[PDB]
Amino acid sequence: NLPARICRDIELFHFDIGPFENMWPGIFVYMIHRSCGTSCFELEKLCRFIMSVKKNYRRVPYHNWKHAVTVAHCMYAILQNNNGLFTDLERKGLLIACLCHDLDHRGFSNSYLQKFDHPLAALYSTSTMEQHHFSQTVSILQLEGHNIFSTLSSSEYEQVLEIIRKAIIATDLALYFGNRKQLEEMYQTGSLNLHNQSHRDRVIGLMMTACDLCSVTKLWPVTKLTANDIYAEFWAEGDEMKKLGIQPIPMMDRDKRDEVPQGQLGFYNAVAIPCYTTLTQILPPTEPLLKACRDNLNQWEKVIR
(Lines of atoms letter the chains of each structure in order from A and count residues from 1; the text may use other names and numbers.)
(Lines give C-alpha, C1' and ligand atoms only; values in the text may rest on other atoms or scores of the structure.)
Protein backbone atom coordinates (compact mmCIF):
# COMPACT_ATOMS: atom_id res chain seq x y z
CA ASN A 1 0.00 0.00 0.00
CA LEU A 2 1.17 3.51 -0.90
CA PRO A 3 3.49 5.36 1.51
CA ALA A 4 2.00 8.46 3.15
CA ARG A 5 4.53 10.79 1.43
CA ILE A 6 3.50 9.44 -1.97
CA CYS A 7 -0.23 9.65 -1.13
CA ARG A 8 0.29 13.35 -0.46
CA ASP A 9 2.82 14.28 -3.13
CA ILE A 10 1.34 12.21 -5.97
CA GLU A 11 -1.27 14.99 -6.25
CA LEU A 12 1.42 17.59 -7.18
CA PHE A 13 1.91 18.19 -10.90
CA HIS A 14 5.70 18.12 -10.33
CA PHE A 15 5.68 14.76 -8.50
CA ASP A 16 8.62 12.50 -9.50
CA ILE A 17 7.93 8.72 -9.34
CA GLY A 18 11.27 7.83 -7.73
CA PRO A 19 14.00 5.23 -8.47
CA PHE A 20 12.17 2.14 -7.11
CA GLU A 21 10.88 0.36 -10.23
CA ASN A 22 8.81 -2.15 -8.27
CA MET A 23 6.80 0.70 -6.75
CA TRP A 24 5.67 2.06 -10.13
CA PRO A 25 3.00 -0.60 -10.83
CA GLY A 26 1.31 0.14 -7.45
CA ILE A 27 1.57 3.88 -8.17
CA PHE A 28 -0.26 3.27 -11.47
CA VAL A 29 -2.95 1.07 -9.86
CA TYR A 30 -3.50 3.76 -7.19
CA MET A 31 -3.98 6.41 -9.90
CA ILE A 32 -6.39 4.10 -11.80
CA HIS A 33 -8.33 3.45 -8.59
CA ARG A 34 -8.56 7.12 -7.72
CA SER A 35 -9.61 8.34 -11.20
CA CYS A 36 -11.65 5.34 -12.32
CA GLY A 37 -12.81 3.54 -9.14
CA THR A 38 -11.71 0.23 -7.60
CA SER A 39 -14.41 -1.69 -9.55
CA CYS A 40 -13.23 -0.25 -12.89
CA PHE A 41 -10.85 -3.13 -13.66
CA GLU A 42 -10.50 -6.66 -12.29
CA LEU A 43 -7.36 -6.26 -10.12
CA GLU A 44 -5.68 -9.52 -11.20
CA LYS A 45 -6.25 -8.80 -14.93
CA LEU A 46 -5.02 -5.21 -14.39
CA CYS A 47 -1.83 -6.39 -12.65
CA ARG A 48 -1.10 -8.99 -15.35
CA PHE A 49 -1.60 -6.30 -18.03
CA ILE A 50 0.70 -3.81 -16.26
CA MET A 51 3.47 -6.40 -15.90
CA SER A 52 3.27 -7.38 -19.59
CA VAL A 53 3.40 -3.68 -20.58
CA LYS A 54 6.50 -3.23 -18.36
CA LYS A 55 8.09 -6.29 -20.04
CA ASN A 56 7.66 -4.75 -23.50
CA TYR A 57 9.43 -1.50 -22.64
CA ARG A 58 13.17 -1.58 -23.38
CA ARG A 59 16.15 -0.58 -21.27
CA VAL A 60 16.86 2.66 -23.14
CA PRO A 61 18.01 5.93 -21.50
CA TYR A 62 14.76 7.90 -21.85
CA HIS A 63 11.86 6.18 -23.74
CA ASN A 64 11.53 3.54 -21.08
CA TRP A 65 9.13 2.20 -18.41
CA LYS A 66 9.87 5.13 -16.06
CA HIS A 67 8.86 7.56 -18.82
CA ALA A 68 5.59 5.69 -19.40
CA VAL A 69 4.55 5.85 -15.74
CA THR A 70 5.68 9.51 -15.52
CA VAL A 71 3.55 10.45 -18.52
CA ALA A 72 0.59 8.52 -16.98
CA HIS A 73 1.11 10.42 -13.74
CA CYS A 74 0.91 13.81 -15.47
CA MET A 75 -2.37 12.70 -17.10
CA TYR A 76 -3.66 11.63 -13.63
CA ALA A 77 -2.78 15.11 -12.24
CA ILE A 78 -4.60 16.81 -15.18
CA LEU A 79 -7.71 14.60 -14.77
CA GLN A 80 -7.76 15.01 -10.95
CA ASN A 81 -7.68 18.79 -11.33
CA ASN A 82 -10.41 18.91 -13.97
CA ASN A 83 -13.17 16.98 -12.23
CA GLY A 84 -16.32 16.37 -14.30
CA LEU A 85 -14.80 17.32 -17.67
CA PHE A 86 -13.73 13.90 -18.95
CA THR A 87 -15.91 10.80 -19.18
CA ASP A 88 -15.28 7.54 -17.25
CA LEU A 89 -14.28 5.90 -20.54
CA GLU A 90 -11.92 8.74 -21.53
CA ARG A 91 -10.23 8.69 -18.10
CA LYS A 92 -9.60 4.88 -18.16
CA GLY A 93 -8.56 5.04 -21.83
CA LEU A 94 -6.17 7.99 -21.45
CA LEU A 95 -4.37 6.57 -18.39
CA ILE A 96 -3.95 3.22 -20.18
CA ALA A 97 -2.88 5.09 -23.35
CA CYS A 98 -0.22 7.02 -21.39
CA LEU A 99 1.13 3.79 -19.83
CA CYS A 100 1.34 2.22 -23.30
CA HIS A 101 2.27 5.22 -25.46
CA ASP A 102 5.99 4.36 -26.09
CA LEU A 103 5.74 0.53 -26.00
CA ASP A 104 8.81 -1.18 -27.51
CA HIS A 105 10.60 2.11 -28.18
CA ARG A 106 14.16 1.62 -29.45
CA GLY A 107 15.52 5.08 -28.56
CA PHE A 108 15.39 6.27 -32.18
CA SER A 109 13.21 8.89 -33.84
CA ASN A 110 10.79 8.32 -36.74
CA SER A 111 13.26 10.21 -38.93
CA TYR A 112 16.01 7.73 -38.12
CA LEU A 113 13.80 4.67 -38.88
CA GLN A 114 12.92 6.28 -42.22
CA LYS A 115 16.57 7.02 -43.11
CA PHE A 116 17.60 3.52 -42.01
CA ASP A 117 14.79 2.07 -44.18
CA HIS A 118 13.58 0.07 -41.15
CA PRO A 119 10.73 -2.47 -41.82
CA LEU A 120 8.49 -0.47 -39.41
CA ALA A 121 8.81 2.60 -41.69
CA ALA A 122 7.50 0.54 -44.65
CA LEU A 123 4.60 -0.74 -42.52
CA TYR A 124 3.77 2.65 -40.98
CA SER A 125 4.90 5.48 -43.27
CA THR A 126 3.82 8.32 -40.94
CA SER A 127 3.94 8.43 -37.11
CA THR A 128 5.93 5.24 -37.48
CA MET A 129 6.81 4.46 -33.85
CA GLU A 130 3.41 5.67 -32.63
CA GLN A 131 1.53 3.31 -34.95
CA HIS A 132 3.79 0.54 -33.58
CA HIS A 133 3.13 1.57 -29.95
CA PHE A 134 -0.62 1.19 -30.63
CA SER A 135 -0.05 -2.18 -32.38
CA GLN A 136 1.82 -3.37 -29.26
CA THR A 137 -0.99 -2.16 -27.00
CA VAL A 138 -3.57 -4.24 -28.92
CA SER A 139 -1.24 -7.28 -28.99
CA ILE A 140 -0.89 -7.14 -25.18
CA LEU A 141 -4.67 -6.71 -24.73
CA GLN A 142 -5.21 -9.83 -26.86
CA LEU A 143 -3.05 -12.09 -24.64
CA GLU A 144 -5.06 -14.60 -22.55
CA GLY A 145 -6.15 -13.01 -19.26
CA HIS A 146 -4.91 -9.54 -20.33
CA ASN A 147 -8.16 -8.00 -21.62
CA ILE A 148 -8.75 -5.38 -18.95
CA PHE A 149 -11.64 -4.14 -21.15
CA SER A 150 -13.45 -7.52 -21.20
CA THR A 151 -16.31 -6.12 -19.05
CA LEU A 152 -17.13 -3.40 -21.64
CA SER A 153 -19.66 -3.96 -24.43
CA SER A 154 -18.18 -4.59 -27.91
CA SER A 155 -19.10 -1.00 -28.74
CA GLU A 156 -17.37 0.56 -25.68
CA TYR A 157 -14.36 -1.71 -26.35
CA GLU A 158 -14.08 -0.32 -29.91
CA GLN A 159 -14.67 3.19 -28.52
CA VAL A 160 -11.93 3.06 -25.85
CA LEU A 161 -9.45 1.49 -28.32
CA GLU A 162 -10.11 4.43 -30.66
CA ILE A 163 -9.58 6.86 -27.75
CA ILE A 164 -6.30 5.03 -27.05
CA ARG A 165 -5.23 4.97 -30.72
CA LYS A 166 -5.87 8.70 -31.20
CA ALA A 167 -4.10 9.54 -27.90
CA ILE A 168 -1.02 7.44 -28.75
CA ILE A 169 -0.73 8.85 -32.30
CA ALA A 170 -1.02 12.42 -30.84
CA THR A 171 2.31 11.88 -29.00
CA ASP A 172 4.00 12.19 -32.42
CA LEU A 173 5.40 15.70 -31.76
CA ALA A 174 5.28 16.35 -35.55
CA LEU A 175 1.46 16.53 -35.11
CA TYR A 176 1.57 18.91 -32.15
CA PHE A 177 2.39 22.06 -34.13
CA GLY A 178 -0.72 21.87 -36.37
CA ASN A 179 -2.91 20.74 -33.48
CA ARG A 180 -1.85 23.59 -31.18
CA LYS A 181 -2.27 26.10 -34.07
CA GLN A 182 -5.90 24.93 -34.60
CA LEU A 183 -6.66 24.98 -30.87
CA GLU A 184 -5.20 28.47 -30.44
CA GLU A 185 -7.38 29.77 -33.31
CA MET A 186 -10.48 28.12 -31.77
CA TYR A 187 -9.70 29.66 -28.40
CA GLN A 188 -9.14 33.17 -29.81
CA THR A 189 -12.31 33.12 -31.89
CA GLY A 190 -14.35 31.58 -29.03
CA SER A 191 -15.30 28.60 -31.22
CA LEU A 192 -13.80 25.78 -29.15
CA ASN A 193 -16.67 23.37 -28.34
CA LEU A 194 -15.88 20.56 -25.86
CA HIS A 195 -19.15 18.87 -26.92
CA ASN A 196 -17.83 18.55 -30.46
CA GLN A 197 -15.96 15.22 -30.80
CA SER A 198 -13.35 16.59 -33.30
CA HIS A 199 -12.55 19.48 -30.92
CA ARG A 200 -12.52 17.05 -28.00
CA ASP A 201 -9.98 14.88 -29.87
CA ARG A 202 -7.73 17.98 -30.34
CA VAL A 203 -7.86 18.91 -26.64
CA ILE A 204 -7.03 15.30 -25.72
CA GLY A 205 -4.16 15.47 -28.29
CA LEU A 206 -2.77 18.59 -26.58
CA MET A 207 -3.15 16.85 -23.19
CA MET A 208 -1.06 13.97 -24.55
CA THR A 209 1.69 16.37 -25.71
CA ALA A 210 1.57 18.14 -22.32
CA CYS A 211 1.95 14.79 -20.53
CA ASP A 212 4.58 13.44 -22.91
CA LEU A 213 6.76 16.59 -22.36
CA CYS A 214 6.11 16.87 -18.60
CA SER A 215 9.79 16.44 -17.66
CA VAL A 216 10.06 20.18 -18.45
CA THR A 217 7.38 20.88 -15.82
CA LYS A 218 9.25 19.29 -12.89
CA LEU A 219 11.39 21.21 -10.39
CA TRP A 220 14.78 22.23 -11.80
CA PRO A 221 16.90 19.41 -10.27
CA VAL A 222 14.59 16.83 -11.84
CA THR A 223 14.37 18.66 -15.20
CA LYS A 224 18.17 19.20 -15.32
CA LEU A 225 18.89 15.48 -14.65
CA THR A 226 16.23 14.26 -17.10
CA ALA A 227 17.88 16.30 -19.89
CA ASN A 228 20.88 13.91 -19.55
CA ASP A 229 18.69 10.93 -20.52
CA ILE A 230 17.03 12.53 -23.56
CA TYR A 231 20.38 13.72 -24.98
CA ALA A 232 21.91 10.26 -24.33
CA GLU A 233 19.33 8.95 -26.84
CA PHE A 234 19.62 11.87 -29.30
CA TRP A 235 23.43 11.75 -29.40
CA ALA A 236 23.37 7.95 -29.97
CA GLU A 237 20.95 8.58 -32.84
CA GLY A 238 23.32 11.29 -34.13
CA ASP A 239 26.15 8.72 -34.07
CA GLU A 240 23.99 6.33 -36.07
CA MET A 241 23.15 9.09 -38.60
CA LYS A 242 26.93 9.67 -39.08
CA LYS A 243 27.35 5.88 -39.63
CA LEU A 244 24.69 6.07 -42.37
CA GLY A 245 26.84 8.87 -43.89
CA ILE A 246 24.29 11.59 -43.02
CA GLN A 247 25.20 14.71 -41.04
CA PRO A 248 22.79 14.83 -38.08
CA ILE A 249 21.02 17.97 -36.96
CA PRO A 250 22.89 19.81 -34.15
CA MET A 251 20.50 18.50 -31.43
CA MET A 252 21.66 14.95 -32.24
CA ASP A 253 25.33 15.77 -32.80
CA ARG A 254 27.39 15.18 -29.62
CA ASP A 255 30.07 17.54 -31.06
CA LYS A 256 27.60 20.41 -30.53
CA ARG A 257 26.84 19.53 -26.89
CA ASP A 258 28.10 22.89 -25.57
CA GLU A 259 25.06 24.46 -27.30
CA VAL A 260 22.56 22.48 -25.14
CA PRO A 261 21.39 25.63 -23.18
CA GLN A 262 20.69 27.44 -26.48
CA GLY A 263 18.93 24.35 -27.87
CA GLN A 264 16.77 24.11 -24.75
CA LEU A 265 15.92 27.83 -24.99
CA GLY A 266 14.72 27.15 -28.60
CA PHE A 267 12.59 24.20 -27.54
CA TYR A 268 10.94 26.02 -24.64
CA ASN A 269 10.23 29.04 -26.89
CA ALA A 270 8.89 27.03 -29.90
CA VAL A 271 7.19 24.07 -28.24
CA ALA A 272 6.98 23.83 -24.45
CA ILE A 273 5.81 27.33 -23.46
CA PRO A 274 3.18 27.51 -26.30
CA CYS A 275 1.98 23.98 -25.39
CA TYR A 276 1.34 24.69 -21.70
CA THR A 277 0.03 28.21 -22.47
CA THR A 278 -2.61 26.74 -24.79
CA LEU A 279 -3.41 23.96 -22.31
CA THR A 280 -3.91 26.43 -19.42
CA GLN A 281 -6.22 28.56 -21.63
CA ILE A 282 -8.47 25.52 -22.21
CA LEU A 283 -8.00 23.97 -18.74
CA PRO A 284 -7.12 26.73 -16.22
CA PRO A 285 -6.41 24.22 -13.35
CA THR A 286 -3.35 23.03 -15.39
CA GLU A 287 -1.60 26.37 -14.73
CA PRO A 288 1.07 24.77 -12.39
CA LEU A 289 2.48 22.98 -15.48
CA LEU A 290 2.95 26.33 -17.25
CA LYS A 291 4.43 27.97 -14.15
CA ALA A 292 6.97 25.14 -13.73
CA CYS A 293 7.84 25.32 -17.44
CA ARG A 294 8.53 29.09 -17.27
CA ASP A 295 10.67 28.50 -14.15
CA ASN A 296 12.81 25.98 -16.11
CA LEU A 297 13.05 28.37 -19.06
CA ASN A 298 14.49 30.93 -16.59
CA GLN A 299 16.97 28.32 -15.29
CA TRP A 300 18.25 27.68 -18.84
CA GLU A 301 18.57 31.45 -19.35
CA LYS A 302 20.57 31.58 -16.08
CA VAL A 303 22.91 28.81 -17.34
CA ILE A 304 23.56 30.97 -20.44
CA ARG A 305 24.39 34.07 -18.31
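When you see a residue number, it is the position in the sequence shown, counting from 1.
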Entry B factor averaged over C-alpha atoms, 195 to 203 against 179 to 187: higher for 179 to 187
Comparing 122 to 130 with 204 to 212, the higher average Cα temperature factor in the PDB entry belongs to 122 to 130
Which listed residue, 105, 218, 115, 166, has the largest C-alpha temperature factor in the record? 115
Residue, from 222, 140, 94, 100, that the PDB entry assigns the highest Cα B-factor: 140
Please place residue 259 in the lowest, middle or highest third of its chain by C-alpha B factor as given in the entry. middle
Modelled-residue ranking by C-alpha temperature factor, third containing residue 280: middle
Taking only the Cα B-factors deposited for this chain, tell me whether residue 42 sits in the lowest, middle or highest third. highest
Determine, from the deposited record, the chain-internal third of the Cα B-factor for residue 33: lowest, middle or highest. highest
Based on the deposited C-alpha B factors for this chain, I'd like to know if residue 66 is in the lowest, middle or highest third. lowest
